[PDB]
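Asker: Pasting the sequence and an experimental structure:
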Amino acid sequence: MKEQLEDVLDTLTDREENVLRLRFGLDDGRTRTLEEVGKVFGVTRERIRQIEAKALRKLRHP
Amino acid sequence: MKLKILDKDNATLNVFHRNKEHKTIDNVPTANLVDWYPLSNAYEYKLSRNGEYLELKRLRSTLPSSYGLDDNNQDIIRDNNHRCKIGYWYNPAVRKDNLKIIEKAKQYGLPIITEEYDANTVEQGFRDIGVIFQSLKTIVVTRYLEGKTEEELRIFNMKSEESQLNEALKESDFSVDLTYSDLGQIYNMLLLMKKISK
């Protein structure tokens, strides 16, 4: 789901999209723990998880 | 705040304005992003009350302060050297901090947005920053394991590499925080470069 994930990212803000790029290793190839990602954003593991959930839900519909 | 790079030369920017309303600004120049676009993950732009300016807003984050805005104080937010007049695409505060970030990236052997680059060199930059992240994750657990040197290391060591890394990161020093902040802004820069060079 490289194209579909991309269409989803287009609907998120810069910040949310980059959370997901980091998470899924879309740029450097390496997936990252919710904790690495949370540290990069200065937010909790849970907030990163909610962003990921929002994206998966968007990924399912269209 | 959503910046879309349409091609090497042209972007659009969509920002919250008021109520439920967003505004989309077209003909956004890609050339100068360093001078305006905040690289910090703790901030984003909103449209000013009158539509002439893009004004900074602090998100809810533990990341360091940038652009002289510690939290949302409209003395600084509304001030001319802290915002970006639309179509002028210059924000002195943002530019100043962006530039520190740039010099740091240059020091780490990463390509930078103010000098020439192409897709290959950006890709190499993402390779190298990935290496930095990984090494960092090794150092973080190393340092946590010293602290925190109790013979209960066995308890920690009952976890997987990921749970260990997670607990160490959770509990780390402010210094480590600063390293991750820096790297996050550099990552944002490399992504702007990737997108421009597509």
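Answerer: Yes, it's here. Numbers count the residues shown, from 1 in each chain, chains lettered A, B, ... in the order given.
Asker: Can you give the distance of the host helix or strand of residue B:175 from its chain's centre?
Answerer: Using DSSP states H and E, residue B:175 falls within helix B:174-197. Per CA atoms, centre = their mean, to the nearest Å, the displacement of helix B:174-197 from the mean C-alpha position of its chain is 5 Å.
Asker: Break chain B down into its domains, please.
Answerer: Residue ranges for each domain of chain B read B:1-117, B:118-198, as given by curated CATH domains.
Asker: got a markdown table for the ones you listed, with distance to residue A:50 too?
Answerer: (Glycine included, C-beta is placed from N, CA and C.) Rendered in a markdown table, the data for these read as follows (distance: least, CB to CB, whole Å):
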| stretch | distance to residue A:50 |
| --- | --- |
| domain B:1-117 | 13 |
| domain B:118-198 | 17 |
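Asker: Let's have the ones you listed in a markdown table, adding mean neighbour count and distance to chain A.
Answerer: Written out in a markdown table, the entries for the domains of chain B read as follows (neighbours: other CB atoms under 10 Å in any protein chain shown; distance: least, CB to the nearest CB, whole Å):
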| stretch | mean neighbour count | distance to chain A |
| --- | --- | --- |
| domain B:1-117 | 17 | 4 |
| domain B:118-198 | 16 | 4 |
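Asker: And the ones you listed: which comes nearest residue A:41?
Answerer: If you check each of these against residue A:41 by CB to CB, domain B:1-117 wins as the nearest, at 5.0 Å.
Asker: Name the single longest helix found in chain A.
Answerer: What stands out as the longest helix in chain A, according to DSSP state H, is helix A:45-60.
Asker: Okay, and the beta partners of residue B:29?
Answerer: According to DSSP bridges, residue B:10 are recorded as the beta-bridge partners of residue B:29.
Asker: what's near enough to touch it?
Answerer: When contacts are counted by CB atoms under 8 Å, 6 or more residues apart in numbering or on different chains, residue B:29 is found next to B:9, B:10, B:11, B:89.
Asker: just checking, what's the longest helix in chain B?
Answerer: For chain B, the helix with the greatest residue count under DSSP H is helix B:119-146.
Asker: Tell me where chain A has helices.
Answerer: In order along the chain, chain A carries the following helices (DSSP H): A:2-10, A:14-24, A:34-41, A:45-60.
Asker: Tell me the spacing between the spatially most central residue of chain A and chain B.
Answerer: Per CA atoms, centre = their mean, the C-alpha nearest to the average position across chain A is that of residue A:20, at 1.7 Å. As for residue A:20, its distance to chain B is 12 Å (criterion: CB to the nearest CB, to the nearest Å).
Asker: next structured bit after the longest helix of chain B?
Answerer: Next helix or strand after helix B:119-146 toward the C-terminus (DSSP H and E): helix B:153-156.
Asker: what does that following helix contact?
Answerer: B:145, B:164, B:167.
Asker: ok and the next helix or strand after it relative to helix A:45-60, angle-wise?
Answerer: Beyond helix B:153-156 in the direction of the C-terminus, DSSP H and E gives the next helix or strand as helix B:161-170. Angle of helix B:161-170 versus helix A:45-60, following axes from the mean of the first three to the mean of the last three CA atoms, to 10 degrees, is 120 degrees.
Asker: How about residues contacting helix B:161-170?
Answerer: Outside helix B:161-170, the residues that touch it by CB under 8 Å, 6+ apart are A:33-36, A:39, A:45, B:137, B:140-141, B:143-145, B:156-157, B:159, B:176.
Asker: cutoff 6 Å now
Answerer: Counting contacts by CB atoms under 6 Å, 6 or more residues apart in numbering or on different chains, the residues outside helix B:161-170 that touch it are A:33, A:35, A:39, B:137, B:140, B:141, B:144.
Asker: And for the fifth one, nearest residue in space, chain neighbours not counted?
Answerer: What that stands for is residue B:140. Once its chain neighbours are removed from consideration, residue B:140 has its nearest residue in residue B:168; the separation is 4.9 Å (CB to CB, 6 or more residues apart in numbering or on different chains).
Asker: Please apply the same query to the fourth one.
Answerer: Counting by CB to CB, 6+ apart, residue B:137 lies nearest to residue B:165, which is 5.4 Å off, once chain neighbours are set aside.
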